[PDB]
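Colleague: Please find the sequence and an experimentally derived structure below.
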There are 2 protein chains.
Amino acid sequence: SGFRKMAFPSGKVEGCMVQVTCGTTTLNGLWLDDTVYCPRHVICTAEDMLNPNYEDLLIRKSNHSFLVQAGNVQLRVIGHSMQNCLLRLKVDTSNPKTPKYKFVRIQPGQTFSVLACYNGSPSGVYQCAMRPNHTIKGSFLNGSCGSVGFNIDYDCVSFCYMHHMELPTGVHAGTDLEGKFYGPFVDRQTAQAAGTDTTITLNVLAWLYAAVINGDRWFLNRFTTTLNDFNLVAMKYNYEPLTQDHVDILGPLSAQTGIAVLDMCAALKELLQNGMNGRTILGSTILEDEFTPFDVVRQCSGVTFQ
Amino acid sequence: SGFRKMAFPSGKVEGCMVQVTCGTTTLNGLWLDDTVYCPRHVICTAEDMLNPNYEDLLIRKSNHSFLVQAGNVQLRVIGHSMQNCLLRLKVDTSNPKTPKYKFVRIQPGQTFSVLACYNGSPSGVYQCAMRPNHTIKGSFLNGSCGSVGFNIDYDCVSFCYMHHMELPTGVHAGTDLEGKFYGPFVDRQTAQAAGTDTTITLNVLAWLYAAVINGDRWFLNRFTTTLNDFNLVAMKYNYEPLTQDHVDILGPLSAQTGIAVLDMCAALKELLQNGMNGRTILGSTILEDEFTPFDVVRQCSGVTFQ
Ligand SMILES: CC(C)(C)c1ccc(N(C(=O)c2c[nH]cn2)[C@@H](C(=O)NC2CCCCC2)c2cccnc2)cc1
Ligand SMILES: CC(C)(C)c1ccc(N(C(=O)c2c[nH]cn2)[C@@H](C(=O)NC2CCCCC2)c2cccnc2)cc1
């Protein structure tokens, strides 16, 4: 029993974190085989963060412009190239702790674990959802850039996020491991701001199923809804529309609990319209949208507490 | 910016987790140097969980009654002994991944990271507070016993919790690494239940300081309070009394923010009496008591956003 925001064990990623320095700027890099990946803004001059031209800044660097430190050991840079908003530094040593890994681009609403790091040293781990507006609600201080997000499946690490910058509301923006930003953000100092966000309906429904699996039914009702009638309510409450594809994704949780998806949607409609009347669901006084259907299946028992 | 429940990186603990089997029961153990620690209830018969006598059950076991598996490798047990509610199994191999470590008994209100494990395989990591009633709000399924809780300071792992059992309300009970239970619980099937809990006042105050450090002051007021007048309100709202010792602990956070402790207590008094008026603090619609003063200092900037 219980239900918590649960990160993946971080050891396989810890063994990949290094420190990258260029000029006076230090940040974190990810060392896999003989390549170190880091944000290209490591080369940005303090004097000009407003209008960097990265091609022009990078051509002025040599391999020995970059210092890479793995713990106490210096790794010699023997090549470098820019890929989108990342630098790929080739080093003289293959990381002996490289795990089985893949690079994947996650979709909005999906979750991943973040290993917050400073100066190449891991500091903390927590779970994040990629918001519909392409930001994450992380916890990051100066120098956290280059920290990574990942999921783990059967000892294969799927890296999906590298941290680049903080936005004015205190939320965080970054790229995939090909260097392509999530969202419309850019790696320079501009007035950019996170767009309007929305609640991840599929995740709320998954978490209501988690509550039933764990033994609680107080919020169910005798009603059903059509998809279109639910979506009229969702629009009013800034929830994402439910689609037939999302209904299909909820199939296994619906089967484990015996609650049809559209019946759970009717329960959610009533909770939105009437509130929770001072009660909790899975310990929470609000509806939670930070757990995917996969996260619920990963964490909950496969046997409902009937 | 940001503020999240943040666990310590788990890799140093992952390298210590093994599987222990006795008879038909399997659970997790902790392998440090040439010793494996695990819950003594691994020897309990399925037929008699109501009234086990562990001395009488253990004398009937030999070293080869115990199977220990580290990944795919079998570790031969060459000795065994009971210490309180733990077994200490001596094995033929010293763990080459043993970190610098200590065993410590934590106090109520303190936090630690939990590495949830099944069959000796780490599954997830999350942060827990030891509640005043000596339980934790974990997330644990059958076979999680022997999972450990820990804090990390300068690469030294302080182990403080080993998981033993789940209580009727779905919360979790366990021991320190000397095998002494937290709380009045016992390792057998009884009617035992968690006692009444209370809110950890010192942690709420620390988290209000975190909110100011991160730039938010909306909940402050022009009033102050005496310790005794605050404690009259605390009793009404099931908050722990504030003590002078706890006031002293808040010294550094008070200095970083310029808010006297008793002035923050007046703010908390008003929040308890009037509620939060539909507003949030650090993203939360409720007052949070799961972060210690140390956790706030660990995670927040050392410079207040004034
Ligand atoms: C060059 C560029 C792209 C403008 C930049 C500058 C600084 C950083 N930040 C580094 O901390 C940092 C930079 N290099 C080493 N560390 C921080 C950051 O985003 N401030 C923002 C201030 C407003 C305008 C854009 C940047 C940061 C803080 C907390 C968590 N995350 C990141 C990130 C990007
Ligand atoms: C022998 C004894 C002390 C009564 C016992 C029995 C079972 C377990 N539980 C094992 O899962 C388990 C046991 N051995 C291997 N796995 C689970 C558990 O506590 N059920 C309780 C049922 C009510 C009465 C006491 C035990 C468990 C589940 C979820 C998370 N945590 C633990 C723990 C202790």
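Modeller: Cool, got the structure. Numbering: from 1, shown residues only, chains lettered A, B, ... in the order given. Ligands and ions are numbered 1, 2, ... in the order given.
Colleague: so who does residue A:119 touch?
Modeller: Residue A:119 makes contact with A:19, A:26, A:28, A:143, according to C-beta atoms under 8 Å, 6 or more residues apart in numbering or on different chains. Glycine gets a C-beta too; all of them are placed from N, C-alpha and C.
Colleague: Do a quick rundown of the strands in chain A.
Modeller: A:17-22, A:25-32, A:35-39, A:66-70, A:73-75, A:77-83, A:86-91, A:100-103, A:111-118, A:121-129, A:148-153, A:156-166, A:172-175 (DSSP state E).
Colleague: The fourth one pairs with which strands?
Modeller: When you say that, I think you mean strand A:66-70. Strand A:66-70 pairs in its sheet with strand A:17-22 (antiparallel), strand A:73-75 (antiparallel), by DSSP bridges.
Colleague: Can you get me a residue count around residue A:197?
Modeller: By the measure other C-beta atoms under 10 Å in any protein chain shown, the count of residues near residue A:197 is 15.
Colleague: mind listing what's buried in stretch A:59-76?
Modeller: A:61, A:66, A:68, A:69, A:70, A:75 (16 or more other C-beta atoms under 10 Å in any protein chain shown).
Colleague: Contact residues of chain A facing ligand 2?
Modeller: In this structure, chain A does not approach ligand 2 anywhere, judged by C-beta under 6 Å from any ligand atom.
Colleague: can you do 8 Å?
Modeller: Residues of chain A lying close to ligand 2 by C-beta under 8 Å from any ligand atom are residue A:1.
Colleague: And the residue of chain A that's closest to chain B?
Modeller: Nearest residue of chain A to chain B, counting by C-beta to the nearest C-beta: residue A:11, 2.6 Å away.
Colleague: Would you agree that residue is in contact with residue B:11?
Modeller: Yes. Counting by C-beta atoms under 8 Å, residue B:11 is a contact partner of residue A:11 at 2.6 Å.
Colleague: what's the burial count for residue A:268?
Modeller: 24.
Colleague: Surely it and residue A:202 touch.
Modeller: No. Residue A:268 sits out of contact with residue A:202 when judged by C-beta under 8 Å, with a separation of 11.0 Å.
Colleague: quick one on the thing from earlier: let's see if you can find the most crowded of the contacts of residue A:119.
Modeller: residue A:28 (29 neighbours).
Colleague: What sits closest to that residue if chain neighbours are left out?
Modeller: residue A:146 (3.2 Å; C-beta to C-beta, 6 or more residues apart in numbering or on different chains).
Colleague: who touches that neighbour in this structure?
Modeller: Counting by C-beta under 8 Å, 6+ apart, residue A:146 has contacts A:20, A:27, A:28, A:29, A:30, A:38, A:39, A:42, A:117, A:162, A:163.
Colleague: Of the residues you listed, just say which sits nearest to residue B:109.
Modeller: residue A:117 (28.4 Å; C-beta to C-beta).
Colleague: Now do that closest one against residue A:42, distance only.
Modeller: For residue A:117, the distance to residue A:42 equals 14 Å [C-beta to C-beta, to the nearest Å].
Colleague: more neighbours, the two?
Modeller: A direct count of neighbours by other C-beta under 10 Å for residue A:117 and residue A:42 places residue A:117 higher, at 28 against 23.
Colleague: before we move on, the earlier item: and which of the contacts of residue A:146 is nearest to ligand 1?
Modeller: residue A:27 (4.4 Å; C-beta to the nearest ligand atom).
Colleague: So what does the residue of the stretch 101-250 of chain A found nearest ligand 2 look like in phi/psi?
Modeller: Closest contact between the stretch 101-250 of chain A and ligand 2, by C-beta to the nearest ligand atom, is at residue A:214 (11.6 Å). When quoted as degrees, to the nearest 10, the phi and psi of residue A:214 stand at phi -80, psi 0.
Colleague: burial of it, as a residue count?
Modeller: Residue A:214 has 20 nearby residues by other C-beta under 10 Å.
Colleague: That one is in contact with residue A:300, isn't it?
Modeller: Yes. Using C-beta under 8 Å, residue A:214 makes contact with residue A:300 at a distance of 6.5 Å.
Colleague: Name the residues of the stretch 51-200 of chain A found near chain B, please.
Modeller: A:115-116, A:122-126, A:137-142, A:166, A:170-172 (C-beta under 8 Å from any C-beta of the partner chain).
Colleague: Apply 7 Å and report the result again.
Modeller: Residues of the stretch 51-200 of chain A found near chain B (C-beta under 7 Å from any C-beta of the partner chain) are A:115, A:122, A:124, A:125, A:126, A:137, A:138, A:139, A:140, A:141, A:166, A:170.
Colleague: Most widely separated two among these?
Modeller: Maximum pairwise distance in those, criterion C-beta to C-beta, is 22.1 Å, between A:122 and A:170.
Colleague: between those two, who's got more neighbours?
Modeller: Shown here are residue A:122 and residue A:170; by other C-beta under 10 Å, residue A:122 has more neighbours (23 against 20).
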